[PDB]
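Single chain ahead, written as structure tokens, the form deposited in one PDB entry.
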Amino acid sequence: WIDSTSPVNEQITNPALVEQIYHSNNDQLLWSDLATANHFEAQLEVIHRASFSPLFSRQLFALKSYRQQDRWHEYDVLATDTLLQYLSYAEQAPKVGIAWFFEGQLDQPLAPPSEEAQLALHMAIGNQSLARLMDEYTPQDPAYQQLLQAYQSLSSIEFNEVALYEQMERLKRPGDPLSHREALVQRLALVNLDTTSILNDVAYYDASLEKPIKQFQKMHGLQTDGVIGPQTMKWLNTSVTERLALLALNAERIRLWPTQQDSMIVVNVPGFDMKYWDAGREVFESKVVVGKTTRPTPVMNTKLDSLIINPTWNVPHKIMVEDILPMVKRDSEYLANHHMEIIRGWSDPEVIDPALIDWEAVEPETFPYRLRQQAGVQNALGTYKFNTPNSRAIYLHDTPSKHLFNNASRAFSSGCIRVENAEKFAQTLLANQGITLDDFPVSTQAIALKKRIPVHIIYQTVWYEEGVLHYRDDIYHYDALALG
């Protein structure tokens, strides 16, 4: 009850509120219920495995230390401080959580949780329903439930020996012989695919393996070609440990995304997909190109205020000096081909004549003007820019290069987000705000939206959709470390 002058005196973030919660509940042990101490460790394990919080990792190991030393007096105190941390974490995640998973980490202790929460705690320790509290301060979002369910399932078969699928050749196409069928078949059953119709004692890659393998490649957003190449093996071979880690991370990540469907646009970068929910109903789905690994689309929340039809593209300074100018120094028919003008001024802007410029004299880094590409069907922004004002000038837009949408992995852009069915998207937006266009614009036309729509640009490499879990290559290395 009194401090035993132990290490625990430095482990506590807010000792003030801790003793106040004890004084109020008669200075008694709360964590004497083991099957409740388990359920709290269980949930910290998840946060540990996601490897985005140093703080919760260390306190979890501090508790696991005091549980192995049988020093349950000290385990009781820390566990309470930690549970307040947990509740702040649950509460503050959807507001400032991006900082913990992508920009930085949850390294340092949080503000104490809101009054609403502290009561809910005091009230829940009354009914000794600490367990149920923890579960109430997880997302009541089936997207979250599903990942956790799978996590629990795979945790049981974690550390159970599963042979690696190996093959002597680099590629195995349908009909080629197979040197490790038993292992391959197991590693499909392991991501919970229907393994039951696959024939048993077969030298080779028969029809019975063909759907399983494709369903598997679809599930991992790979090429659905039935060919068991390196990409398809990398995933087959990922250890249960590694998957659990993804489930854990992508689960605790869902705290950042509300899943509100009254009106929202979601871009999942690793999935390279985009959905627009209006009135709880998915009105629009589309493939998207996102930032290439070197110029990545950031994880951010912004708002779609307006749509521009036949948009002009004010070429960003980075792209002018790094890409375009260097090519104008070779191809003197470049500017005419790409329909790009040279421009002095953001205000009263004149069109500078290209031929008036000594081009093999130009240093791109100090080039004093800016490029503005005319509207056109070959304009970089195509026929539709979806205005999402923000400091990093990330927006959605149509693209002339529709051929890129065929690729499984669409990390090509400068950071902006290219929309496959841009025309349908724009139609859907105007329908869902009762904005009517008597005639289709022949010129650059801004259309203010009646209602700003939240745009959630997320990075989830694992998620549940139409019955099944989906995995995706950690294109921007945010899942690394959690994979190790």
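Just count from 1 along the sequence shown to find any residue number. Definition used throughout: the rigid core is the maximal C-alpha set that superposes within 1.5 Å between two forms.
Unshown form deposited in another entry; subsequent notes refer to it.
Comparing the two forms between the shown form and the other one on the rigid core, the single residue of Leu130, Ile213, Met340, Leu178 with a CA shift of 2 Å or greater is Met340. Taking the rigid core as fixed, one finds a CA shift for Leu199 smaller than 2 Å between the shown form and the other one. When the rigid core is held fixed, the Cα atom of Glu360 travels 2 angstroms or more between the shown form and the other one.
Core-aligned CA deviation for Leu188 between the shown form and the other one: less than 2 Å.
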